[PDB]
Undergrad: 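My questions all concern the structure below.
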Protein chains: 2
Amino acid sequence: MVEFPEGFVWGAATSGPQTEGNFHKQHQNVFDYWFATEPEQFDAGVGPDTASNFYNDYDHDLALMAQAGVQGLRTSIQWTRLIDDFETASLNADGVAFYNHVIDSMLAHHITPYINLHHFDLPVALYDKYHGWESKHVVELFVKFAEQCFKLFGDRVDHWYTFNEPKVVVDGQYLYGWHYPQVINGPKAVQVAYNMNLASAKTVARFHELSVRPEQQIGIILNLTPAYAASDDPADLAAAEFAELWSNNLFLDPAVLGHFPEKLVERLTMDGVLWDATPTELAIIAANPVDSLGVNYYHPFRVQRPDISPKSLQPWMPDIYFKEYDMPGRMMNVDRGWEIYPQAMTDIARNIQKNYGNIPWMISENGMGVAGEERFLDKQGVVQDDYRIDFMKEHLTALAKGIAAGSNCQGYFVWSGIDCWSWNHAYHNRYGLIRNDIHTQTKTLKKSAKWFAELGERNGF
Amino acid sequence: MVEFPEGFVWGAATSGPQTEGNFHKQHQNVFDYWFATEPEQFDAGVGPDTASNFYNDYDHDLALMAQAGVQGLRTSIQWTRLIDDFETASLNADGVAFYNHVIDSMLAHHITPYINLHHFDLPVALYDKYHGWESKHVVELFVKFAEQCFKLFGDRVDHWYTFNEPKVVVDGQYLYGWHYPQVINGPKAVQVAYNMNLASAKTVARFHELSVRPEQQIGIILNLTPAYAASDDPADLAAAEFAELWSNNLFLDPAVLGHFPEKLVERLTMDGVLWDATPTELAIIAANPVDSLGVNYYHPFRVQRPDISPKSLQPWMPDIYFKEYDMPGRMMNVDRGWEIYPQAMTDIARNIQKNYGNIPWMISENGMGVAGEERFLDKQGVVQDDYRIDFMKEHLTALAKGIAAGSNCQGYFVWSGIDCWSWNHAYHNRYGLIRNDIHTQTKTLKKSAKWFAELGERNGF
């Protein structure tokens, strides 16, 4: 009734920081330090020190994911676990040993590894010493960490990603207080977006200098969620224009086309907040676009005119040009606060096909987070998460229309395999096909896990 | 808006004698002896013995030059420091170690070495024993010295020069009294100019027999300022034609074309002052042209007829055919007594392009000297030397339009990187991107140093 291309990958996505726990980890990332000093900023004071116990229980957790139909698992390597000295990227022997264990264990459970290098987990010491992603020297230290990952694990990992959602690092660390250091500074944010695009292009370049087999490829993972104008009012259309350039093109265009979006550069310049770039850096970005795209999609983005004129006396923010809009009658993931709009999948697919060379891409994250899932347990402690199955069906239906129209989508990864630690929200909302009882770290397939395994067997539903 | 070829080298120029100091040097060059016996001939009694302390401070000095944007550094090895016995070019172990330290330090700071073999520093013992450059035996001893440099340092130096401006040695030692021994004798000057051309050619032959890598190449550094005639009257046109042949073709033609300028030798012959040359020597000159050209430009050269007839009874001098002329309305460096005329660089570029097979060449010196620069210190001890930036801006604009017309210019070297000892003028005028407080040997980047680094980054301005 709804079928998918031959070879389509059915996978799951997590990250190191949200699964491993902090057991024996050498360095604190910014979230580790945030929790150590202000535990009250986290749901129930549950931080990342244990998370979903993946450091200790990886082998059996991978077996459960394989049970759940996870043919590919995408997670991340922590800079703060792998590296001893950041300046030279010397190696923490115990951390290298741990990532070889989980990659080997993925293979033994017949899971294809997809390895992302960075997922919101900047080392706090590099923020204290250089201001983190503001520093083009920190950019270089990142590339040297990437180089080690490629040399250590490239022999049995084909599929890599530089970053998960750099835009969330920019927004979170420098615009809205979501991430420690909670800086609130538009111009810095512009430089950080620049610096992270540059780090990604420099990592792509080093990846291909070091690759040995043709099937090795490196990509990036972004939100491509479209900006719908609230109305056809010119002021709402103009707000949606800028929201689109700034939330999507800022990263999509340099990663895939090789250059920054022309209209955005012009607006940033006119406002006096343009990044500092050099011709040599821009040439690196132009010469090393990603091999593939990971699309994270959860909810649409709707936007109307700003309440006050953008020429008002205020600190510069991208938000001076647009304000978020609530559509009456929207479908809502309420205990979460997000709109549910599957059709955006189709728009994204068409946009990639028409405007971005129909580059090979995957849905790298799609999922629904729900609170208090103990209420939906049945007589055997199996969460009856039909809502999650229906949510997956609605978005997969939309995806398949994009594919039949000709968009080069090659896989679908659910967020997430096993309930994992959702930053300051901790375990308030669950996303997994597999429930984790975090008091005992005992995990059990949900109803959606068996549906997912069957979806992969029939390559459809 | 003014841009340069890809690969363009942004560099700085100095010399051994003007930077090192005489710390532990085995031999006196002619300037050393001259300061030791008549220190009253040097500005403020400041001599060569400490200079800018490069012998003791080279590593930090190079680090400072690297942050000033010095991509290649051109300096010189002293005959009087490297060599123990001149007759066999046996080695002084401490001198060898010193120059390996310097060269290694350059590569460690990512500065490409450009090594010149001679910069006005004839060993004084060789003047006393053979009358120096008048002696073809001394020519042979220079070649034995050069051979040693190539063998010692050829493994990690690609770019060489035989001489910095032999013309200044001819002029200074044998015409106008600028250099000890201060001989005033036209006929000897003519022989010394022949001998040094021969010494350069023999050194080029020795270089290529010893070369290991195709990248290795050796040139000569000349001043090629054109002789602008004061007017169109034939007496003025005649004066300028000879001034051109004498001050430029005398060295350019044998160095690049492999033969001497015929209308010049004809006049030296008719005046009975021609050098003594053998056919075998002339064969060496023709068989070993240079691989490249270093051009020194500072100010134009304007010329009018001589006040009396060249037939008058008087000692033969090149000047009997021309007199320098001062053009009304000239743009002046009124403190230093130099006219500013950046258009001459465009003329040089065109002459090399049209008449010397567009041989690869660089601006090996260009710069502006200013006295009493403490007048422009900020509150943090940084010279505000905007005049120097504008000087560079004007000459680089002229340089670029020569490159646009097709001239094969590949680099631009500032005189100088660090303030250095300008012979009898000592430290009266400062040329550097980097100030030296000569009493303490404490060096500080000037404003122009920051403006030189960014220029290298844009490869333009």
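Residue numbers begin at 1 in each chain, while the letters A, B, ... track the order of the sequences.
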Undergrad: Just checking, any donor-acceptor pair under 3.5 angstrom between side chains of A/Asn22 and A/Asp32?
TA: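 The answer is yes; a qualifying pair exists.
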Undergrad: Hey, could you give me the OH/CE distance between A/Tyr176 and A/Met317, rounded to the nearest 0.5 Å?
TA: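 So the OH of A/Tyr176 and the CE of A/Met317 are separated by 6.0 Å.
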Undergrad: Stepwise, does the salt bridge (charged side-chain N to carboxylate O under 4.0 Å, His left out) test hold for A/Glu209 with A/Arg206?
TA: CA-CA 5 Å; A/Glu209 291 159 12; A/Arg206 187 73 60 68; 3.8 Å; yes
Undergrad: Are any non-hydrogen side-chain atoms of A/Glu365 and A/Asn164 less than 4.5 angstrom apart?
TA: yes
Undergrad: Do A/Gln384 and A/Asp386 make a side-chain contact, defined as non-hydrogen atoms from C-beta onward lying under 4.5 Å apart?
TA: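 Yes; the side chains approach each other to less than 4.5 Å.
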Undergrad: Using ring centroids (six-membered ring only for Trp), state whether A/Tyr180 and A/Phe35 fall under 6.0 Å.
TA: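 No, they do not, as the ring centres are separated by 6.0 Å or more.
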Undergrad: Would a distance-only check, ignoring hydrogens and angles, find a side-chain to backbone donor-acceptor pair under 3.5 Å from A/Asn223 to A/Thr225?
TA: no
Undergrad: Hey, does A/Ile115 have a side-chain heavy atom less than 4.5 Å from the side chain of A/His159?
TA: no
Undergrad: How many angstroms lie between atom CG of A/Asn351 and atom CG of A/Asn248, to the nearest 0.5 angstrom?
TA: 8.0 Å
Undergrad: Atom CE of residue position A/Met327 - does it have more than 12 heavy atoms of other residues, nucleotides or ligands inside 6.0 Å?
TA: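 Enclosed.
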Undergrad: Test side chain to side chain donor-acceptor pair (under 3.5 Å) on A/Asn249 and A/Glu244; report intermediate values, then the result.
TA: CA-CA 7 Å; A/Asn249 299 72; A/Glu244 189 72 38; over 6 Å; no
Undergrad: Without swapping roles, check the side chain of A/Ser416 against the backbone of A/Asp419 for a donor-acceptor pair under 3.5 Å.
TA: no
Undergrad: Any donor-acceptor pair under 3.5 Å linking the side chain of A/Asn116 with the backbone of A/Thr75?
TA: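 Judged by distance alone, no pair lies under 3.5 Å.
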Undergrad: Quick one: CG on A/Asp236 to NZ on A/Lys323, what's the gap to the nearest 0.5 Å?
TA: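 NZ of A/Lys323 is found 11.0 Å from CG of A/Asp236.
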Undergrad: Looking only at atom types and distance, does a side-chain atom of A/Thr19 sit under 3.5 Å from a main-chain N or O of A/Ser15, one as donor and one as acceptor?
TA: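 Checked: pair present.
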Undergrad: Ignoring hydrogens and geometry beyond distance, is a side-chain donor-acceptor pair present between A/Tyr174 and A/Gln191 at under 3.5 Å?
TA: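 No - no donor-acceptor pair under 3.5 Å links their side chains.
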Undergrad: Whether the side chain of A/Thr346 engages the backbone of A/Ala398 through a donor-acceptor N/O pair (distance < 3.5 Å, no angle test) should be reported.
TA: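 Present.
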Undergrad: Sequence neighbours left out, what passes ring-ring contact (aromatic ring centres under 6.0 Å, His included) with A/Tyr341? Give chain and number order.
TA: A/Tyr228
Undergrad: May I ask you to check whether A/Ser200 and A/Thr162 show a side-chain donor-acceptor distance below 3.5 Å?
TA: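 On atom types as modelled, these side chains qualify, holding a pair under 3.5 Å.
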Undergrad: If you measure from NE2 on A/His395 to OH on A/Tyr412, what distance do you get to the nearest 0.5 Å?
TA: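 These two atoms lie 7.0 Å from each other.
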Undergrad: Would you check if A/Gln217 and A/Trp160 make a side-chain contact, meaning some heavy-atom pair closer than 4.5 Å?
TA: no
Undergrad: Looking only at the aromatic ring of each residue, does the gap between the centers of A/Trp10 and A/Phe4 stay below 6.0 angstrom?
TA: yes
Undergrad: Step through it carefully: locate the ring centre of A/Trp79, locate the ring centre of A/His119, and say whether they are under 6.0 Å apart.
TA: no
Undergrad: Side chain to side chain donor-acceptor pair (under 3.5 Å) for A/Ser52 and A/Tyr427? Distances and angles first, verdict last.
TA: CA-CA 10 Å; A/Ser52 288; A/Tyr427 291 87; 2.7 Å; yes
Undergrad: Classify the ring geometry between A/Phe242 and A/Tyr321 as parallel (under 30°), tilted (30 to 60°) or perpendicular (over 60°).
TA: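 Plane angle between 30° and 60°, so tilted.
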Undergrad: Are A/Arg81 and A/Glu20 within salt-bridge range, i.e. N to O under 4.0 Å?
TA: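 So A/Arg81 pairs with A/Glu20 through a salt bridge.
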Undergrad: Evaluate A/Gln353 against A/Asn408 for side chain to side chain contact (heavy atoms under 4.5 Å, CB included), listing each step before the verdict.
TA: CA-CA 7 Å; A/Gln353 150 180 53; A/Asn408 196 18; over 6 Å; no
Undergrad: Within the distance-only criterion (no hydrogens, no angle test), does the side chain of A/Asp385 pair as donor or acceptor with the backbone N or O of A/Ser448 below 3.5 angstrom?
TA: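 At least one qualifying donor-acceptor pair exists.
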Undergrad: Tell me every residue that passes ring-ring contact (aromatic ring centres under 6.0 Å, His included) with A/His259, counting only those two or more places apart in sequence or in another chain.
TA: none
Undergrad: Assess, by modelled atom type and distance only, whether the side chains of A/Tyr161 and A/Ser364 contain a donor and an acceptor separated by less than 3.5 Å.
TA: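 On atom types as modelled, these side chains do not qualify, holding no pair under 3.5 Å.
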Undergrad: So does B/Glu3 pair up with B/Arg458, basic N to acidic O under 4.0 Å?
TA: no
Undergrad: Roughly how far apart are A/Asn366 CG and A/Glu394 CD, rounded to 0.5 Å?
TA: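 Atom-to-atom, A/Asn366:CG and A/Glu394:CD are 11.0 Å apart.
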Undergrad: Decide, yes or no, whether a salt bridge links A/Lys202 with A/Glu147 under the criterion of side-chain N to carboxylate O below 4.0 Å.
TA: no
Undergrad: Does any donor atom in the side chain of A/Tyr356 or A/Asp253 lie under 3.5 Å from an acceptor atom in the other side chain?
TA: yes
Undergrad: Go through the steps to decide whether A/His179 and A/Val168 satisfy the test side chain to side chain contact (heavy atoms under 4.5 Å, CB included), and finish with yes or no.
TA: CA-CA 9 Å; A/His179 296 184; A/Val168 172; 3.9 Å; yes
Undergrad: Taking A/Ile308's backbone N and O only, do any of them form a donor-acceptor pair with A/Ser312's side chain (distance below 3.5 Å, no angle check)?
TA: no
Undergrad: Under a 3.5 Å cutoff, is there a donor and acceptor pairing between the side chains of A/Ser407 and A/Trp361?
TA: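 Per modelled atom types, A/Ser407 and A/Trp361 side chains form a pair under 3.5 Å.
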Undergrad: Begin from the C-alpha positions of A/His208 and A/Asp291 and carry the test side chain to side chain donor-acceptor pair (under 3.5 Å) through to its verdict.
TA: CA-CA 10 Å; A/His208 287 309; A/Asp291 302 307; 3.0 Å; yes
Undergrad: Quick one, A/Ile363 with A/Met345, criterion side chain to side chain contact (heavy atoms under 4.5 Å, CB included). Give me CA distance, side-chain angles, the key distance, then yes/no.
TA: CA-CA 9 Å; A/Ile363 291 291; A/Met345 300 280 258; 3.8 Å; yes
Undergrad: Would you say the ring centroid of A/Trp451 lies under 6.0 angstrom from that of A/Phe461?
TA: yes
Undergrad: Under a 4.5 Å cut-off applied to non-hydrogen side-chain atoms, are A/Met368 and A/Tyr431 in contact?
TA: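 A side-chain contact is absent here, since even the closest heavy-atom pair is not under 4.5 Å.
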Undergrad: Nearest 0.5 Å, what's the CG-CD1 distance between A/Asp158 and A/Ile218?
TA: 12.5 Å
Undergrad: Going by atom types only, do A/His425 and A/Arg336 share a side-chain donor-acceptor pair under 3.5 Å?
TA: yes
Undergrad: Exactly one of A/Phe120, A/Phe163, A/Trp275, A/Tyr127 should register a ring pair (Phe, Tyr, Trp, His ring centres under 6.0 Å) with A/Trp133. Which one does?
TA: A/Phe163
Undergrad: Step through the shown structure and confirm whether more than 12 heavy atoms of other residues, nucleotides or ligands are within 6.0 Å of NZ on A/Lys401.
TA: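 At most 12 heavy atoms, drawn from other residues, nucleotides or ligands, come within 6.0 Å of this atom.
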Undergrad: Heavy atoms, side chains only, cut-off 4.5 Å: are A/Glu373 and A/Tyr387 in contact?
TA: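 Contact flag for A/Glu373/A/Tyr387 side chains = yes.
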Undergrad: Stepwise, does the side chain to side chain contact (heavy atoms under 4.5 Å, CB included) test hold for A/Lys446 with A/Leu433?
TA: CA-CA 5 Å; A/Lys446 300 172 193 173; A/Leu433 309 159; 5.7 Å; no
Undergrad: Do A/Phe260 and A/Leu268 touch side chain to side chain, with heavy atoms closer than 4.5 Å?
TA: no
Undergrad: Just wondering, do A/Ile418 and A/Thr14 contact through their side chains at under 4.5 Å, heavy atoms?
TA: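 No, every pair of side-chain atoms sits at 4.5 Å or beyond.
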Undergrad: Strictly distance-based, threshold 3.5 Å: is any side-chain N or O of A/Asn29 a donor or acceptor partner for the main-chain N or O of A/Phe31?
TA: yes
Undergrad: Under 3.5 Å, is there a donor-acceptor pair between the side chain of A/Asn459 and the main chain of A/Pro5?
TA: yes
Undergrad: Quick check against the 3.5 Å criterion: does A/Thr203 have a side-chain atom that pairs as donor or acceptor with the backbone of A/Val143?
TA: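 Answer holds: no.
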